[PDB]
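**Student:** Input structure: start_1.txt, which contains compact mmCIF, N, CA and C atoms.
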```
# COMPACT_ATOMS: atom_id res chain seq x y z
N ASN T 1 34.33 27.13 5.56
CA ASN T 1 32.90 26.91 5.76
C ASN T 1 32.65 25.71 6.66
N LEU T 2 33.32 25.70 7.82
CA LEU T 2 33.15 24.62 8.78
C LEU T 2 31.75 24.65 9.37
N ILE T 3 31.14 23.48 9.49
CA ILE T 3 29.74 23.35 9.85
C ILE T 3 29.60 22.42 11.04
N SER T 4 28.91 22.89 12.07
CA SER T 4 28.42 22.05 13.15
C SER T 4 26.94 22.33 13.32
N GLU T 5 26.12 21.28 13.23
CA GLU T 5 24.68 21.45 13.15
C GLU T 5 23.98 20.45 14.06
N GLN T 6 22.78 20.83 14.49
CA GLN T 6 21.90 19.95 15.25
C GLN T 6 20.49 20.08 14.68
N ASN T 7 19.80 18.95 14.57
CA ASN T 7 18.50 18.90 13.92
C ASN T 7 17.45 18.39 14.90
N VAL T 8 16.26 19.00 14.84
CA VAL T 8 15.11 18.55 15.61
C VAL T 8 13.95 18.33 14.65
N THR T 9 13.20 17.26 14.86
CA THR T 9 12.09 16.89 13.99
C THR T 9 10.78 17.29 14.65
N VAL T 10 9.96 18.05 13.93
CA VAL T 10 8.69 18.54 14.44
C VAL T 10 7.57 17.76 13.76
N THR T 11 6.70 17.16 14.57
CA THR T 11 5.56 16.40 14.07
C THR T 11 4.28 17.06 14.58
N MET T 12 3.43 17.49 13.66
CA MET T 12 2.17 18.14 13.97
C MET T 12 1.03 17.31 13.41
N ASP T 13 0.07 16.95 14.27
CA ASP T 13 -1.11 16.22 13.84
C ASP T 13 -2.36 17.03 14.17
N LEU T 14 -3.26 17.15 13.20
CA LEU T 14 -4.54 17.82 13.40
C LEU T 14 -5.61 16.74 13.49
N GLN T 15 -5.78 16.18 14.69
CA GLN T 15 -6.78 15.15 14.88
C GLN T 15 -8.18 15.76 14.77
N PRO T 16 -9.07 15.13 14.00
CA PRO T 16 -10.42 15.68 13.83
C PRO T 16 -11.24 15.51 15.09
N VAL T 17 -11.97 16.57 15.44
CA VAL T 17 -12.82 16.58 16.63
C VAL T 17 -14.26 16.67 16.15
N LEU T 18 -15.03 15.60 16.37
CA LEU T 18 -16.42 15.53 15.96
C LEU T 18 -17.25 15.11 17.16
N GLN T 19 -18.03 16.03 17.71
CA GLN T 19 -18.81 15.75 18.90
C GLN T 19 -20.24 16.25 18.71
N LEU T 20 -21.20 15.37 18.97
CA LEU T 20 -22.62 15.71 18.95
C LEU T 20 -23.19 15.38 20.32
N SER T 21 -23.41 16.40 21.14
CA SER T 21 -23.89 16.22 22.50
C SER T 21 -25.38 16.54 22.55
N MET T 22 -26.18 15.57 22.97
CA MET T 22 -27.62 15.71 23.02
C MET T 22 -28.08 15.80 24.47
N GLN T 23 -28.93 16.79 24.75
CA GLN T 23 -29.54 16.92 26.06
C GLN T 23 -31.06 16.78 25.94
N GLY T 24 -31.65 16.07 26.90
CA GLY T 24 -33.07 15.80 26.89
C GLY T 24 -33.36 14.39 27.34
N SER T 25 -34.44 13.80 26.83
CA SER T 25 -34.81 12.44 27.17
C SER T 25 -34.63 11.54 25.95
N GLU T 26 -33.91 10.44 26.13
CA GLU T 26 -33.65 9.54 25.02
C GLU T 26 -34.90 8.74 24.64
N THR T 27 -35.91 8.71 25.52
CA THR T 27 -37.23 8.19 25.19
C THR T 27 -38.22 9.34 25.14
N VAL T 28 -38.94 9.45 24.02
CA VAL T 28 -40.03 10.41 23.87
C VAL T 28 -41.31 9.61 23.72
N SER T 29 -42.24 9.78 24.66
CA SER T 29 -43.45 8.98 24.72
C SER T 29 -44.67 9.86 24.45
N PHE T 30 -45.49 9.44 23.49
CA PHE T 30 -46.77 10.07 23.21
C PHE T 30 -47.87 9.13 23.67
N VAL T 31 -48.71 9.59 24.60
CA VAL T 31 -49.79 8.78 25.15
C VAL T 31 -51.11 9.43 24.77
N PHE T 32 -51.95 8.67 24.07
CA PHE T 32 -53.27 9.14 23.65
C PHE T 32 -54.34 8.38 24.43
N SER T 33 -55.08 9.10 25.28
CA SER T 33 -56.13 8.46 26.06
C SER T 33 -57.41 9.27 26.04
N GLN T 34 -57.33 10.55 25.69
CA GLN T 34 -58.50 11.41 25.58
C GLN T 34 -58.85 11.62 24.12
N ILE T 35 -60.11 11.99 23.88
CA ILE T 35 -60.57 12.25 22.52
C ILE T 35 -59.81 13.42 21.92
N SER T 36 -59.62 14.48 22.71
CA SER T 36 -58.90 15.65 22.23
C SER T 36 -57.49 15.28 21.79
N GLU T 37 -56.82 14.43 22.56
CA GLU T 37 -55.49 13.97 22.17
C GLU T 37 -55.55 13.22 20.85
N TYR T 38 -56.59 12.41 20.65
CA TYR T 38 -56.71 11.65 19.41
C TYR T 38 -56.88 12.57 18.21
N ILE T 39 -57.79 13.54 18.31
CA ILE T 39 -58.06 14.41 17.16
C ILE T 39 -56.92 15.38 16.88
N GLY T 40 -56.26 15.91 17.91
CA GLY T 40 -55.25 16.92 17.66
C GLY T 40 -53.81 16.49 17.90
N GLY T 41 -53.59 15.58 18.83
CA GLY T 41 -52.26 15.03 19.03
C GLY T 41 -51.37 15.81 19.98
N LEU T 42 -50.47 15.10 20.65
CA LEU T 42 -49.53 15.73 21.56
C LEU T 42 -48.51 16.55 20.79
N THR T 43 -48.26 17.77 21.25
CA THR T 43 -47.17 18.60 20.74
C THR T 43 -46.17 18.81 21.87
N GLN T 44 -44.97 18.27 21.72
CA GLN T 44 -43.94 18.33 22.74
C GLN T 44 -42.91 19.38 22.34
N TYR T 45 -42.69 20.35 23.22
CA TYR T 45 -41.78 21.46 22.95
C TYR T 45 -40.46 21.25 23.66
N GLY T 46 -39.37 21.44 22.92
CA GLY T 46 -38.04 21.34 23.48
C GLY T 46 -37.72 19.97 24.04
N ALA T 47 -38.09 18.92 23.31
CA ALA T 47 -37.85 17.56 23.78
C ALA T 47 -36.36 17.24 23.82
N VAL T 48 -35.66 17.52 22.72
CA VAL T 48 -34.24 17.20 22.59
C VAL T 48 -33.52 18.40 21.99
N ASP T 49 -32.35 18.72 22.53
CA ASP T 49 -31.49 19.75 21.97
C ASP T 49 -30.13 19.13 21.63
N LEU T 50 -29.50 19.65 20.59
CA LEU T 50 -28.24 19.13 20.07
C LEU T 50 -27.21 20.24 20.01
N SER T 51 -26.00 19.94 20.47
CA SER T 51 -24.87 20.85 20.42
C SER T 51 -23.76 20.20 19.62
N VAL T 52 -23.12 20.97 18.76
CA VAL T 52 -22.15 20.47 17.79
C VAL T 52 -20.79 21.08 18.08
N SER T 53 -19.77 20.24 18.22
CA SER T 53 -18.39 20.67 18.29
C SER T 53 -17.64 20.03 17.13
N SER T 54 -16.97 20.84 16.32
CA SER T 54 -16.37 20.32 15.11
C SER T 54 -15.14 21.14 14.75
N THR T 55 -14.30 20.55 13.91
CA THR T 55 -13.13 21.21 13.35
C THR T 55 -13.28 21.52 11.87
N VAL T 56 -13.99 20.69 11.11
CA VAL T 56 -14.14 20.85 9.67
C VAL T 56 -15.60 21.14 9.35
N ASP T 57 -15.85 21.37 8.06
CA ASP T 57 -17.21 21.62 7.60
C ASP T 57 -18.09 20.41 7.86
N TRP T 58 -19.27 20.66 8.43
CA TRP T 58 -20.16 19.59 8.85
C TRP T 58 -21.59 19.88 8.43
N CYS T 59 -22.34 18.81 8.21
CA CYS T 59 -23.76 18.88 7.90
C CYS T 59 -24.50 17.92 8.81
N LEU T 60 -25.55 18.41 9.46
CA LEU T 60 -26.33 17.62 10.40
C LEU T 60 -27.70 17.35 9.80
N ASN M 1 94.22 17.78 -10.63
CA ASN M 1 92.82 17.56 -10.33
C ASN M 1 92.64 16.95 -8.94
N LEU M 2 93.28 17.56 -7.94
CA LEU M 2 93.17 17.10 -6.57
C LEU M 2 91.75 17.30 -6.05
N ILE M 3 91.24 16.28 -5.35
CA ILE M 3 89.84 16.24 -4.96
C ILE M 3 89.75 16.01 -3.46
N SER M 4 89.00 16.87 -2.78
CA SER M 4 88.55 16.64 -1.42
C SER M 4 87.04 16.83 -1.38
N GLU M 5 86.32 15.81 -0.93
CA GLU M 5 84.87 15.80 -1.06
C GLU M 5 84.23 15.33 0.24
N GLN M 6 82.99 15.76 0.44
CA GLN M 6 82.17 15.31 1.55
C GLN M 6 80.77 15.02 1.02
N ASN M 7 80.17 13.93 1.49
CA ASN M 7 78.90 13.45 0.98
C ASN M 7 77.87 13.41 2.09
N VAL M 8 76.64 13.81 1.77
CA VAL M 8 75.50 13.70 2.68
C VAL M 8 74.39 12.94 1.96
N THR M 9 73.73 12.06 2.69
CA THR M 9 72.67 11.21 2.14
C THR M 9 71.32 11.78 2.54
N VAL M 10 70.46 12.02 1.55
CA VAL M 10 69.14 12.58 1.77
C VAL M 10 68.11 11.48 1.58
N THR M 11 67.27 11.28 2.60
CA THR M 11 66.20 10.29 2.56
C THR M 11 64.86 11.00 2.70
N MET M 12 64.01 10.85 1.70
CA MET M 12 62.69 11.46 1.67
C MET M 12 61.63 10.37 1.61
N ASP M 13 60.69 10.41 2.55
CA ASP M 13 59.58 9.46 2.56
C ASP M 13 58.26 10.22 2.47
N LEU M 14 57.38 9.77 1.59
CA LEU M 14 56.04 10.34 1.45
C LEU M 14 55.06 9.36 2.08
N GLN M 15 54.91 9.45 3.40
CA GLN M 15 53.98 8.57 4.09
C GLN M 15 52.55 8.92 3.72
N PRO M 16 51.74 7.93 3.37
CA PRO M 16 50.35 8.21 2.98
C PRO M 16 49.51 8.62 4.17
N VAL M 17 48.69 9.64 3.97
CA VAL M 17 47.81 10.17 5.00
C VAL M 17 46.38 9.89 4.57
N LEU M 18 45.70 9.01 5.30
CA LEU M 18 44.32 8.63 5.00
C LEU M 18 43.50 8.78 6.27
N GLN M 19 42.64 9.79 6.31
CA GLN M 19 41.84 10.07 7.49
C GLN M 19 40.39 10.28 7.10
N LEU M 20 39.50 9.57 7.78
CA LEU M 20 38.06 9.74 7.62
C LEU M 20 37.48 10.08 8.98
N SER M 21 37.15 11.35 9.19
CA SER M 21 36.65 11.83 10.47
C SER M 21 35.14 12.00 10.38
N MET M 22 34.41 11.30 11.24
CA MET M 22 32.96 11.34 11.24
C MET M 22 32.46 12.09 12.46
N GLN M 23 31.52 13.01 12.23
CA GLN M 23 30.87 13.72 13.32
C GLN M 23 29.38 13.42 13.31
N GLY M 24 28.82 13.23 14.50
CA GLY M 24 27.43 12.87 14.65
C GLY M 24 27.24 11.84 15.75
N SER M 25 26.22 10.99 15.61
CA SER M 25 25.95 9.95 16.59
C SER M 25 26.24 8.59 15.96
N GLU M 26 27.04 7.78 16.66
CA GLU M 26 27.40 6.47 16.13
C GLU M 26 26.23 5.50 16.22
N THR M 27 25.21 5.81 17.01
CA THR M 27 23.94 5.09 17.01
C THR M 27 22.86 5.98 16.41
N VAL M 28 22.17 5.46 15.40
CA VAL M 28 21.01 6.12 14.81
C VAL M 28 19.79 5.25 15.10
N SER M 29 18.84 5.79 15.84
CA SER M 29 17.69 5.03 16.31
C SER M 29 16.41 5.55 15.67
N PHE M 30 15.65 4.65 15.05
CA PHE M 30 14.33 4.95 14.52
C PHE M 30 13.30 4.26 15.40
N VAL M 31 12.41 5.05 15.99
CA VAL M 31 11.38 4.53 16.89
C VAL M 31 10.02 4.80 16.27
N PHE M 32 9.26 3.73 16.05
CA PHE M 32 7.93 3.81 15.48
C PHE M 32 6.90 3.46 16.54
N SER M 33 6.08 4.43 16.94
CA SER M 33 5.07 4.17 17.95
C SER M 33 3.72 4.76 17.56
N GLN M 34 3.71 5.71 16.62
CA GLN M 34 2.48 6.29 16.12
C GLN M 34 2.15 5.72 14.74
N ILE M 35 0.87 5.82 14.38
CA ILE M 35 0.42 5.34 13.08
C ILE M 35 1.10 6.12 11.96
N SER M 36 1.18 7.44 12.12
CA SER M 36 1.83 8.28 11.11
C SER M 36 3.27 7.86 10.89
N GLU M 37 3.99 7.56 11.97
CA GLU M 37 5.36 7.08 11.83
C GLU M 37 5.40 5.77 11.06
N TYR M 38 4.43 4.88 11.31
CA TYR M 38 4.40 3.60 10.61
C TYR M 38 4.19 3.79 9.11
N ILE M 39 3.21 4.60 8.73
CA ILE M 39 2.90 4.77 7.31
C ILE M 39 3.96 5.56 6.56
N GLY M 40 4.55 6.59 7.18
CA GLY M 40 5.48 7.42 6.45
C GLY M 40 6.94 7.29 6.85
N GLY M 41 7.21 6.98 8.11
CA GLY M 41 8.57 6.71 8.53
C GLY M 41 9.37 7.93 8.95
N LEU M 42 10.31 7.72 9.87
CA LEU M 42 11.17 8.80 10.34
C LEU M 42 12.14 9.21 9.24
N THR M 43 12.28 10.52 9.03
CA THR M 43 13.31 11.07 8.17
C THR M 43 14.26 11.90 9.03
N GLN M 44 15.50 11.45 9.14
CA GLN M 44 16.50 12.10 9.98
C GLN M 44 17.45 12.90 9.10
N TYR M 45 17.57 14.19 9.37
CA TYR M 45 18.39 15.09 8.57
C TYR M 45 19.71 15.37 9.28
N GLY M 46 20.79 15.26 8.52
CA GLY M 46 22.12 15.56 9.03
C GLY M 46 22.53 14.68 10.19
N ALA M 47 22.26 13.38 10.08
CA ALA M 47 22.60 12.45 11.16
C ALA M 47 24.11 12.32 11.33
N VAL M 48 24.82 12.08 10.23
CA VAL M 48 26.26 11.86 10.25
C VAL M 48 26.89 12.66 9.12
N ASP M 49 28.02 13.30 9.41
CA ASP M 49 28.81 13.98 8.40
C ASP M 49 30.22 13.39 8.38
N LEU M 50 30.84 13.38 7.21
CA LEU M 50 32.15 12.78 6.99
C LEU M 50 33.09 13.80 6.38
N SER M 51 34.30 13.87 6.91
CA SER M 51 35.36 14.73 6.40
C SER M 51 36.54 13.86 6.01
N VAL M 52 37.14 14.16 4.86
CA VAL M 52 38.17 13.32 4.26
C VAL M 52 39.46 14.12 4.18
N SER M 53 40.54 13.54 4.70
CA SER M 53 41.89 14.06 4.52
C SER M 53 42.72 13.00 3.82
N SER M 54 43.34 13.36 2.70
CA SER M 54 44.01 12.35 1.89
C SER M 54 45.18 12.99 1.15
N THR M 55 46.09 12.13 0.70
CA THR M 55 47.21 12.53 -0.13
C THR M 55 47.07 12.05 -1.57
N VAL M 56 46.45 10.90 -1.80
CA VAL M 56 46.34 10.32 -3.13
C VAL M 56 44.87 10.28 -3.53
N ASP M 57 44.63 9.83 -4.76
CA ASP M 57 43.27 9.70 -5.26
C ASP M 57 42.48 8.71 -4.42
N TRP M 58 41.27 9.10 -4.03
CA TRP M 58 40.46 8.32 -3.11
C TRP M 58 39.03 8.24 -3.61
N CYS M 59 38.37 7.14 -3.26
CA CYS M 59 36.96 6.93 -3.53
C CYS M 59 36.27 6.48 -2.25
N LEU M 60 35.17 7.14 -1.92
CA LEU M 60 34.43 6.87 -0.69
C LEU M 60 33.10 6.22 -1.06
```
Will you turn the file into structure tokens for me?
**Tutor:**
Amino acid sequence: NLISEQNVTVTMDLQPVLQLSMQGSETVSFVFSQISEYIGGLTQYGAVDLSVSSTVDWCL
Amino acid sequence: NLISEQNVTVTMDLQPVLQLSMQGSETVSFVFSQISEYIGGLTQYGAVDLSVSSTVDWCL
């Protein structure tokens, strides 16, 4: 039972990837100068959007 | 009782045979450069093997 052997060591790392990419304007400005704006207020549509890249279970 | 004789001398030597044959690498190097290596450490399998040839009782 003569034995000649060679060994290799395998190292595997699962680095966590957590990315939150936001597109839009980092300043959102509401300007009230008319009466209508005062009574009803500015409604801004699609100001900021968020995209999520993840490896594990995530909650935003 | 007439005698004619011839003599031969027999010499026997039991020379001790002590052999320790090692296979592998005479340098074993542990390199730590990653955090995982630091916390857990390199485990090297089958680095060196030893074979013993002997005639008498031996302890290694």
**Student:** All Cα atoms, paired in order, least squares: that's the fit I need for chain M onto chain T, output as a compact mmCIF listing (two decimals) with N, CA and C atoms, in the frame of the given file.
**Tutor:**
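Generated file (selection-v5.txt):
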```
# COMPACT_ATOMS: atom_id res chain seq x y z
N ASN M 1 34.32 27.13 5.56
CA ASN M 1 32.90 26.91 5.75
C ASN M 1 32.65 25.71 6.66
N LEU M 2 33.32 25.69 7.82
CA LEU M 2 33.15 24.62 8.78
C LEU M 2 31.74 24.66 9.37
N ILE M 3 31.14 23.47 9.49
CA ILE M 3 29.73 23.35 9.85
C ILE M 3 29.60 22.42 11.04
N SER M 4 28.91 22.89 12.07
CA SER M 4 28.42 22.06 13.15
C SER M 4 26.93 22.32 13.32
N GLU M 5 26.12 21.28 13.23
CA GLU M 5 24.68 21.45 13.15
C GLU M 5 23.98 20.45 14.07
N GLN M 6 22.78 20.83 14.48
CA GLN M 6 21.90 19.95 15.25
C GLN M 6 20.49 20.08 14.68
N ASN M 7 19.80 18.95 14.57
CA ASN M 7 18.50 18.89 13.92
C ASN M 7 17.45 18.39 14.89
N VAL M 8 16.26 18.99 14.85
CA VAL M 8 15.10 18.54 15.61
C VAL M 8 13.95 18.33 14.64
N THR M 9 13.20 17.26 14.86
CA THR M 9 12.09 16.88 13.99
C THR M 9 10.78 17.29 14.66
N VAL M 10 9.96 18.06 13.94
CA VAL M 10 8.69 18.54 14.44
C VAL M 10 7.57 17.76 13.76
N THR M 11 6.70 17.15 14.57
CA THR M 11 5.56 16.40 14.07
C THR M 11 4.28 17.06 14.58
N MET M 12 3.43 17.49 13.66
CA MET M 12 2.17 18.14 13.97
C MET M 12 1.02 17.31 13.41
N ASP M 13 0.08 16.96 14.27
CA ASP M 13 -1.11 16.22 13.84
C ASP M 13 -2.36 17.03 14.17
N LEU M 14 -3.26 17.15 13.21
CA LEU M 14 -4.54 17.82 13.40
C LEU M 14 -5.61 16.74 13.49
N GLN M 15 -5.78 16.18 14.69
CA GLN M 15 -6.79 15.15 14.88
C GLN M 15 -8.18 15.75 14.77
N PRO M 16 -9.06 15.13 14.00
CA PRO M 16 -10.42 15.68 13.83
C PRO M 16 -11.24 15.52 15.09
N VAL M 17 -11.97 16.56 15.44
CA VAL M 17 -12.82 16.59 16.63
C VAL M 17 -14.26 16.67 16.15
N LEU M 18 -15.02 15.60 16.37
CA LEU M 18 -16.43 15.54 15.96
C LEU M 18 -17.25 15.10 17.16
N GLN M 19 -18.02 16.03 17.71
CA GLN M 19 -18.82 15.75 18.90
C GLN M 19 -20.24 16.24 18.70
N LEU M 20 -21.20 15.37 18.97
CA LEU M 20 -22.61 15.71 18.95
C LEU M 20 -23.19 15.38 20.32
N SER M 21 -23.41 16.40 21.13
CA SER M 21 -23.89 16.22 22.50
C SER M 21 -25.38 16.54 22.54
N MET M 22 -26.18 15.57 22.96
CA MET M 22 -27.62 15.72 23.02
C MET M 22 -28.08 15.80 24.47
N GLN M 23 -28.93 16.79 24.75
CA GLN M 23 -29.54 16.92 26.06
C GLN M 23 -31.05 16.78 25.94
N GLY M 24 -31.65 16.08 26.90
CA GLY M 24 -33.06 15.80 26.89
C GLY M 24 -33.36 14.38 27.34
N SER M 25 -34.44 13.80 26.83
CA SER M 25 -34.81 12.44 27.17
C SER M 25 -34.63 11.55 25.95
N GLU M 26 -33.91 10.44 26.13
CA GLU M 26 -33.65 9.54 25.02
C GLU M 26 -34.90 8.75 24.65
N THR M 27 -35.91 8.71 25.51
CA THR M 27 -37.23 8.19 25.19
C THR M 27 -38.22 9.34 25.14
N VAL M 28 -38.94 9.45 24.02
CA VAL M 28 -40.03 10.40 23.87
C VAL M 28 -41.32 9.61 23.72
N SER M 29 -42.23 9.78 24.66
CA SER M 29 -43.45 8.99 24.72
C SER M 29 -44.67 9.86 24.45
N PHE M 30 -45.49 9.45 23.49
CA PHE M 30 -46.78 10.08 23.21
C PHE M 30 -47.87 9.13 23.66
N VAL M 31 -48.70 9.59 24.59
CA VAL M 31 -49.79 8.78 25.14
C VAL M 31 -51.11 9.43 24.78
N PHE M 32 -51.95 8.67 24.08
CA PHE M 32 -53.26 9.13 23.66
C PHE M 32 -54.34 8.39 24.43
N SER M 33 -55.08 9.10 25.28
CA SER M 33 -56.12 8.46 26.06
C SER M 33 -57.41 9.27 26.04
N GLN M 34 -57.33 10.56 25.70
CA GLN M 34 -58.50 11.41 25.58
C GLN M 34 -58.85 11.62 24.11
N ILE M 35 -60.11 11.99 23.88
CA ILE M 35 -60.58 12.25 22.53
C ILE M 35 -59.82 13.43 21.92
N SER M 36 -59.63 14.48 22.71
CA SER M 36 -58.89 15.66 22.23
C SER M 36 -57.49 15.29 21.79
N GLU M 37 -56.82 14.43 22.56
CA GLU M 37 -55.49 13.98 22.17
C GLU M 37 -55.55 13.22 20.85
N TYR M 38 -56.59 12.40 20.65
CA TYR M 38 -56.72 11.65 19.41
C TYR M 38 -56.88 12.57 18.21
N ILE M 39 -57.79 13.54 18.30
CA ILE M 39 -58.06 14.41 17.16
C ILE M 39 -56.92 15.38 16.87
N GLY M 40 -56.26 15.92 17.90
CA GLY M 40 -55.25 16.92 17.66
C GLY M 40 -53.81 16.49 17.90
N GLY M 41 -53.59 15.58 18.83
CA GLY M 41 -52.27 15.03 19.03
C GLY M 41 -51.37 15.81 19.98
N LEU M 42 -50.47 15.10 20.65
CA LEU M 42 -49.53 15.73 21.57
C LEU M 42 -48.51 16.55 20.79
N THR M 43 -48.26 17.78 21.25
CA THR M 43 -47.17 18.59 20.74
C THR M 43 -46.17 18.81 21.88
N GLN M 44 -44.97 18.27 21.72
CA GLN M 44 -43.94 18.33 22.74
C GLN M 44 -42.91 19.38 22.35
N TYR M 45 -42.69 20.36 23.21
CA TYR M 45 -41.78 21.46 22.94
C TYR M 45 -40.45 21.25 23.66
N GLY M 46 -39.37 21.44 22.92
CA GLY M 46 -38.03 21.34 23.47
C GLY M 46 -37.72 19.97 24.04
N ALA M 47 -38.09 18.92 23.31
CA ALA M 47 -37.85 17.56 23.78
C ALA M 47 -36.36 17.24 23.82
N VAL M 48 -35.65 17.52 22.73
CA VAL M 48 -34.24 17.20 22.60
C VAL M 48 -33.52 18.40 21.99
N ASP M 49 -32.35 18.72 22.53
CA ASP M 49 -31.49 19.74 21.97
C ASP M 49 -30.13 19.13 21.62
N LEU M 50 -29.50 19.65 20.58
CA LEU M 50 -28.24 19.13 20.06
C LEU M 50 -27.21 20.24 20.01
N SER M 51 -26.00 19.94 20.47
CA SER M 51 -24.87 20.85 20.43
C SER M 51 -23.76 20.19 19.63
N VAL M 52 -23.11 20.97 18.76
CA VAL M 52 -22.15 20.46 17.79
C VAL M 52 -20.79 21.09 18.09
N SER M 53 -19.78 20.24 18.22
CA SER M 53 -18.38 20.67 18.29
C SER M 53 -17.63 20.03 17.13
N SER M 54 -16.97 20.85 16.32
CA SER M 54 -16.37 20.32 15.10
C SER M 54 -15.14 21.14 14.74
N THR M 55 -14.30 20.55 13.90
CA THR M 55 -13.13 21.21 13.35
C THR M 55 -13.29 21.52 11.86
N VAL M 56 -14.00 20.69 11.11
CA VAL M 56 -14.13 20.85 9.67
C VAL M 56 -15.59 21.14 9.34
N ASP M 57 -15.85 21.37 8.06
CA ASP M 57 -17.21 21.62 7.60
C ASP M 57 -18.09 20.41 7.86
N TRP M 58 -19.27 20.65 8.42
CA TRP M 58 -20.16 19.59 8.86
C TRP M 58 -21.58 19.88 8.42
N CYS M 59 -22.34 18.81 8.20
CA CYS M 59 -23.76 18.88 7.90
C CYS M 59 -24.50 17.91 8.81
N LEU M 60 -25.55 18.41 9.45
CA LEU M 60 -26.33 17.63 10.41
C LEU M 60 -27.70 17.35 9.80
```
**Student:** Please identify every residue of chain M that has at least one atom no more than 8 Å from any atom of chain T, counting only N, CA and C atoms, and report them as a PDB file with N, CA and C atoms, in the frame of the given file.
**Tutor:**
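And here's part_16.pdb as it stands now:
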```pdb
ATOM      1  N   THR M  43      12.280  10.520   9.030  1.00  0.00           N
ATOM      2  CA  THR M  43      13.310  11.070   8.170  1.00  0.00           C
ATOM      3  C   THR M  43      14.260  11.900   9.030  1.00  0.00           C
ATOM      4  N   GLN M  44      15.500  11.450   9.140  1.00  0.00           N
ATOM      5  CA  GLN M  44      16.500  12.100   9.980  1.00  0.00           C
ATOM      6  C   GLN M  44      17.450  12.900   9.100  1.00  0.00           C
ATOM      7  N   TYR M  45      17.570  14.190   9.370  1.00  0.00           N
ATOM      8  CA  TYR M  45      18.390  15.090   8.570  1.00  0.00           C
ATOM      9  C   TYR M  45      19.710  15.370   9.280  1.00  0.00           C
ATOM     10  N   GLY M  46      20.790  15.260   8.520  1.00  0.00           N
ATOM     11  CA  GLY M  46      22.120  15.560   9.030  1.00  0.00           C
ATOM     12  C   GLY M  46      22.530  14.680  10.190  1.00  0.00           C
ATOM     13  N   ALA M  47      22.260  13.380  10.080  1.00  0.00           N
ATOM     14  CA  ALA M  47      22.600  12.450  11.160  1.00  0.00           C
ATOM     15  C   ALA M  47      24.110  12.320  11.330  1.00  0.00           C
TER      16      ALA M  47
END
```
**Student:** Would you mind listing what lies within 6 Å of residue M:49 as a list in words, with only N, CA and C atoms counted and same-chain residues fewer than 5 positions away left out?
**Tutor:**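 Listed by chain and then number, they are residues 21, 22, 23 and 24 of chain M.
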**Student:** Box for stretch 29-47 of chain T - axis-aligned, 6 Å on each of the six sides, all listed atoms - centre and size in Å to one decimal, as JSON.
**Tutor:**
```
{"center_x": -48.5, "center_y": 14.9, "center_z": 21.5, "size_x": 36.2, "size_y": 25.1, "size_z": 21.2}
```
**Student:** Given the choices T:32, T:40, T:26, T:19, which gets closest to residue T:53 if the distance is worked out from only N, CA and C atoms?
**Tutor:**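 Result for the nearest residue to residue T:53: T:19.
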**Student:** Here is a test: counting all atoms listed in the file, which residue of M:2, M:12, M:18, M:34 is nearest to residue M:54?
**Tutor:**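 With all atoms listed in the file as the atom set, the closest residue is M:18.
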**Student:** Quick one: distance from atom CA of residue T:29 to atom N of residue T:48 in Å, one decimal?
**Tutor:**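 According to the coordinates, atom CA of residue T:29 and atom N of residue T:48 are separated by 11.7 Å.
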**Student:** If you measure from atom N of residue M:16 to atom N of residue T:1, what distance in Å do you get, rounded to one decimal?
**Tutor:**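 Atom N of residue T:1 lies 26.0 Å from atom N of residue M:16.
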**Student:** Quick one: pick out all strand (DSSP E or B) residues within chain T from a backbone DSSP run and write them as a PyMOL selection string.
**Tutor:** chain T and resi 18-24+48-54
**Student:** Using DSSP secondary structure from the backbone, list all alpha helix (DSSP H) positions within chain T, as a ChimeraX atom specification.
**Tutor:** /T:35-40
**Student:** Please, what distance in Å, to one decimal, runs between atom CA of residue M:38 and atom CA of residue T:10?
**Tutor:**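 These two atoms are separated by 16.0 Å.
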**Student:** Please list as a PyMOL selection string every residue within 6.5 Å of residue M:20, counting all atoms listed in the file and excluding residues in the same chain fewer than 3 positions away.
**Tutor:** chain M and resi 50-53
**Student:** For stretch 11-17 of chain M, which lacks atoms in the input, supply N, CA, C and O atoms and format the output as a CSV table (one decimal), in the coordinates of the input.
**Tutor:**
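Saved result, result01.csv, follows:
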```
chain,number,residue,atom,x,y,z
M,11,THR,N,67.3,11.3,2.6
M,11,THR,CA,66.2,10.3,2.6
M,11,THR,C,64.9,11.0,2.7
M,11,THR,O,64.6,11.7,3.7
M,12,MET,N,64.0,10.8,1.7
M,12,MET,CA,62.7,11.5,1.7
M,12,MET,C,61.6,10.4,1.6
M,12,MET,O,61.7,9.5,0.7
M,13,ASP,N,60.7,10.4,2.6
M,13,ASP,CA,59.6,9.5,2.6
M,13,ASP,C,58.3,10.2,2.5
M,13,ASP,O,58.1,11.2,3.2
M,14,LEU,N,57.4,9.8,1.6
M,14,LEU,CA,56.0,10.3,1.4
M,14,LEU,C,55.1,9.4,2.1
M,14,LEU,O,54.5,8.5,1.4
M,15,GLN,N,54.9,9.4,3.4
M,15,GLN,CA,54.0,8.6,4.1
M,15,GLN,C,52.6,8.9,3.7
M,15,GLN,O,52.2,10.1,3.7
M,16,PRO,N,51.7,7.9,3.4
M,16,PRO,CA,50.4,8.2,3.0
M,16,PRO,C,49.5,8.6,4.2
M,16,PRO,O,49.6,8.0,5.3
M,17,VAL,N,48.7,9.6,4.0
M,17,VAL,CA,47.8,10.2,5.0
M,17,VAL,C,46.4,9.9,4.6
M,17,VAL,O,45.9,10.5,3.6
```
